[PDB]
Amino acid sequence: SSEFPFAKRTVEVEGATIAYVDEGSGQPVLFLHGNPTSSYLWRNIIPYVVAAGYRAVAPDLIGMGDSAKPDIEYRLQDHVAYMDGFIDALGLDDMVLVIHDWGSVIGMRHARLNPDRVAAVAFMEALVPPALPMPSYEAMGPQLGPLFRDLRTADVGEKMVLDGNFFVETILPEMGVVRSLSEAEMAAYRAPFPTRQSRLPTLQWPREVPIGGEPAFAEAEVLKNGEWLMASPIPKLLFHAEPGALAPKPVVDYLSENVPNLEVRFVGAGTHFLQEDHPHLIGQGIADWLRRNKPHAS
């Protein structure tokens, strides 16, 4: 359950190494994680799509998991270039996306710009309207608001994240998961981030969240993704939890009434990293949804 019974493969993308899980055969299901996780996040979900007869492909984002740590800024722009390049390197086509957090932004953008290549999209705790973009820190509540302001403040964020590893050591196990992560699980999540410098991607990601218009690029991407989501005819699947974080009940209710061709699966108690609290419901869910829809790209 904390076990990771997958070998990883490596491929060169834009001069750097991307590590990835590659299991099964045939139609690809591409799993995209966010901050501060890796392909490890999907370890208990992957076996469900493989047994359903699909090829499970789960890369580690650049600078994360077992992927390379190049001297780059790790902005949204950077991450999309490596993931698009990864898709190209593997020649992935007729894709089902399974996406979370910043992975949802990268994933939806890819579907948006390549509608001929994406069969279907499963997502959860996504950075997408109506919840995103955020108008202000105040709009995030008395906990997340000041926390993200801190992360986005010079010196403060560096001390918290680079020196303290706060995203990995606190936000992930304490705020983002209902159950207690085991020692083996925490070891896996901290393994890519033993040094100050290595932690940069976990600091840059909260600095990418579009709040009060900043930064402009991520804001534009999230808004255009929202337009794609409301207009796209392709089969979609949403997992959500109570109370949730990016997607509380009223956000889900809105999405369920307005997104075309959307299946919604409540998983019970959870906040953000739903895969840790309900991997089997999520796994069974994706497989069942694929069995009924058999989605293919036009």
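Just count from 1 along the sequence shown to find any residue number.
Relative to one another, 94-102 and 180-188 have unequal mean CA B-factors, and 180-188 is the one with the higher figure.
Per the PDB record, of the two stretches 201-209 and 129-137, 129-137 carries the greater mean B-factor over its C-alpha atoms. Looking at the C-alpha B-factors along this chain, the one for residue 80 belongs to the middle third. When the modelled residues of the chain are ordered by C-alpha B-factor, residue 276 sits in the lowest third. In this PDB entry, the Cα temperature factor of residue 39 sits in the bottom third of its chain's modelled residues, the lowest group. Placement of the Cα temperature factor of residue 242 within the chain: middle third of the modelled residues, per the deposited record. The PDB entry assigns residue 154 a C-alpha temperature factor belonging to the highest third of its chain's modelled residues.
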